[PDB]
Structures are given as C-alpha cells and as structure tokens.
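To keep things clear, I will list the structure first and then write my remarks on it.
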Amino acid sequence: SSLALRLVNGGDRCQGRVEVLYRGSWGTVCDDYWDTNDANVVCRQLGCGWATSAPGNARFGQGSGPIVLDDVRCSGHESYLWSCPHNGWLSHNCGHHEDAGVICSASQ
Ligand SMILES: [Cl-]
Ligand SMILES: [Cl-]
C-alpha cells in the first residue's frame with residue numbers, strides 16, 4: 001500500500017524522470033528495456049492522459065536514489081507500473097545514466 005509513482009525534473013507533473021517509492025525511498029527506473037507501453041501505464045496511473053514518448057538515457061537527468069526497477073515490460077493496460085512484468089526490485093544492473101522518463105499528453 002505504500003507504493004507510489006511520480007515524475008520529476010521535467011517542469012510539469014506529467015513529464016519527467018520516473019520515480020517509484022520503494023522501501024521508504026524514491027528510486028529510479030532503468031531503461032534497459034523501456035517503451036511506450038510502459039509510458040502509457042505511467043501516464044494513465046498519474047491521470048496525465050497518454051504517452052507521447054518514453055525517453056530513456058537520463059533525458060530528464062540522473063536521479064540520486066536507488067535504482068529500484070529494471071526490465072519493466074508492461075503490456076500497456078496495467079493500472080500500476082509495479083503490476084507490469086519486471087526483473088524483481090533493486091537489481092543493481094544499471095547506472096543512473098539509464099534512468100527512464102516519460103512525456104504525457106497532459107503536459108503543457
Ligand atoms: Cl502526481
Ligand atoms: Cl515497499
């Protein structure tokens with residue numbers, strides 16, 4: 001019940017670097033696999049419309065928190081990003097240069 005998602009460093013609630021609250025801390029999501037299915041789940045869960053793009057490679061900067069998720073492979077209609085298939089939690093397989101991001105339609 002404590003899980004939560006936000007976008008940061010994008011200048012709007014509805015675009016930016018994806019962060020998930022896990023074990024007390026906001027962590028980032030590695031783009032080792034990242035796509036618009038994943039972005040659409042994020043955009044929907046936040047009430048931000050639909051994804052227009054899903055930029056990886058720390059486009060919205062590198063987080064400082066733990067990298068909590070990687071290999072996230074949503075189908076696209078999941079209600080929460082954590083409900084999508086993913087490679088457990090806290091894999092330590094990535095660096096922050098791979099932090100994933102989203103741009104949603106509701107961004108202004
Ligand atoms: Cl929000
Ligand atoms: Cl947790």
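If you're wondering about the labels, chains in the structure tokens are A, B, ... by order shown, residues count from 1 in each chain, ligands from 1 in order shown.
The set of residues in stretch 5-60 of chain A assigned to alpha helix (DSSP H) by DSSP, using only backbone atoms of this structure, is residues 36, 37, 38, 39, 40, 41, 42, 43, 44 and 45 of chain A.
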Based on the selection just made, write N, CA and C atoms of those residues as a PDB file, in the first residue's frame.
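So the final result, stored in result_14.pdb, reads:
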ATOM      1  N   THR A  36       6.820   2.519 -24.970  1.00  0.00           N
ATOM      2  CA  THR A  36       5.629   3.346 -24.813  1.00  0.00           C
ATOM      3  C   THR A  36       4.509   2.588 -24.130  1.00  0.00           C
ATOM      4  N   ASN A  37       4.553   1.272 -24.082  1.00  0.00           N
ATOM      5  CA  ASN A  37       3.623   0.543 -23.221  1.00  0.00           C
ATOM      6  C   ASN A  37       3.849   0.928 -21.760  1.00  0.00           C
ATOM      7  N   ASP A  38       5.112   0.895 -21.333  1.00  0.00           N
ATOM      8  CA  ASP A  38       5.461   1.321 -20.005  1.00  0.00           C
ATOM      9  C   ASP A  38       5.030   2.767 -19.745  1.00  0.00           C
ATOM     10  N   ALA A  39       5.318   3.655 -20.712  1.00  0.00           N
ATOM     11  CA  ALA A  39       4.959   5.059 -20.561  1.00  0.00           C
ATOM     12  C   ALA A  39       3.452   5.221 -20.461  1.00  0.00           C
ATOM     13  N   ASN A  40       2.702   4.451 -21.259  1.00  0.00           N
ATOM     14  CA  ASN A  40       1.255   4.597 -21.184  1.00  0.00           C
ATOM     15  C   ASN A  40       0.746   4.198 -19.805  1.00  0.00           C
ATOM     16  N   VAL A  41       1.305   3.143 -19.193  1.00  0.00           N
ATOM     17  CA  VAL A  41       0.869   2.767 -17.860  1.00  0.00           C
ATOM     18  C   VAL A  41       1.154   3.906 -16.877  1.00  0.00           C
ATOM     19  N   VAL A  42       2.355   4.486 -16.976  1.00  0.00           N
ATOM     20  CA  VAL A  42       2.707   5.605 -16.114  1.00  0.00           C
ATOM     21  C   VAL A  42       1.740   6.761 -16.295  1.00  0.00           C
ATOM     22  N   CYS A  43       1.519   7.173 -17.541  1.00  0.00           N
ATOM     23  CA  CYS A  43       0.670   8.317 -17.814  1.00  0.00           C
ATOM     24  C   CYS A  43      -0.744   8.086 -17.290  1.00  0.00           C
ATOM     25  N   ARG A  44      -1.254   6.896 -17.500  1.00  0.00           N
ATOM     26  CA  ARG A  44      -2.616   6.586 -17.003  1.00  0.00           C
ATOM     27  C   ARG A  44      -2.665   6.593 -15.469  1.00  0.00           C
ATOM     28  N   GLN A  45      -1.688   5.961 -14.834  1.00  0.00           N
ATOM     29  CA  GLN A  45      -1.722   5.855 -13.375  1.00  0.00           C
ATOM     30  C   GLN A  45      -1.699   7.252 -12.735  1.00  0.00           C
TER      31      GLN A  45
END
Pick out the residues no farther than 10 Å from ligand 1, counting only C-alpha atoms and all ligand atoms, and list them as number ranges by chain.
A: 4-8, 12-14, 43, 45-48
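Proximal residues of ligand 2 are residues 2, 3, 22, 23 and 24 of chain A, by a cut-off of 7 Å on only C-alpha atoms and all ligand atoms.
Here the question is which of A:61, A:88, A:56, A:16 gets nearest to residue A:30 using only C-alpha atoms, and that residue is A:56.
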Members of chain A assigned strand (DSSP E) by DSSP, as a ChimeraX atom specification
/A:5-12,15-22,25-29,51-53,67-69,101-104
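Nearest-residue note for residue A:58: choosing from A:9, A:105, A:87, A:93, the minimum distance belongs to A:9, counting only C-alpha atoms.
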